[PDB]
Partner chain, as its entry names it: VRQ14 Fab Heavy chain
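First, one chain by itself in structure tokens, the form deposited without the partner chain.
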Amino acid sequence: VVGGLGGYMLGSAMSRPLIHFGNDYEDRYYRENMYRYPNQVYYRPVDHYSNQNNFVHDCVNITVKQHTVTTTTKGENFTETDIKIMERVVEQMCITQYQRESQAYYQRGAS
């Protein structure tokens, strides 16, 4: 049981997805801060869920909230810029985490 989240899960970690912001600041401003961010994302197994959308939308929403909640125990803060950059990163990582489970589920499916 994941604390009290209502039945989410957490895998392993991955490398920074290196997001193409390329805007004004979010270009370098990501690069110089991307170290102060999560390596992974809280998700669900496809076992009873089996969708893309929820594993991106709700996965970011949970993961980002669990980078504010857990971290407020340490007294931390994030500004809006940081949240959005994080959300975008977690977007790609959450797409990855769907695919992690999906590959194991697909095999127990066909080919």
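Residue numbers count along the first chain shown, from 1.
Same protein, other form: the form solved in complex with the partner chain, not shown, and the subject of what follows.
Trainee: Report yes if any heavy atom of residue 65 sits within 4.5 Å of a heavy atom of the partner chain in the deposited bound form; otherwise report no.
Mentor: Yes - in the deposited bound form, heavy atoms of residue 65 and the partner chain come within 4.5 Å of each other.
Trainee: Is residue 50 close enough to touch the partner chain in the deposited bound form, meaning at least one heavy atom pair within 4.5 Å?
Mentor: Contact with the partner chain, no.
Trainee: Taking 4.5 angstroms as the cut-off for heavy atoms, does residue 5 touch the partner chain in the deposited bound form?
Mentor: Yes, residue 5 sits close enough to the partner chain in the deposited bound form that at least one of its heavy atoms falls within 4.5 Å.
Trainee: At 4.5 Å, heavy atom to heavy atom, what parts of 66-105 sit next to the partner chain in the deposited bound form? List them in sequence order, or say none.
Mentor: Counting only heavy atoms within 4.5 Å of the partner chain in the deposited bound form, the contacting residues of 66-105 are 66, 68, 69, 70, 72, 73, 74, 75.
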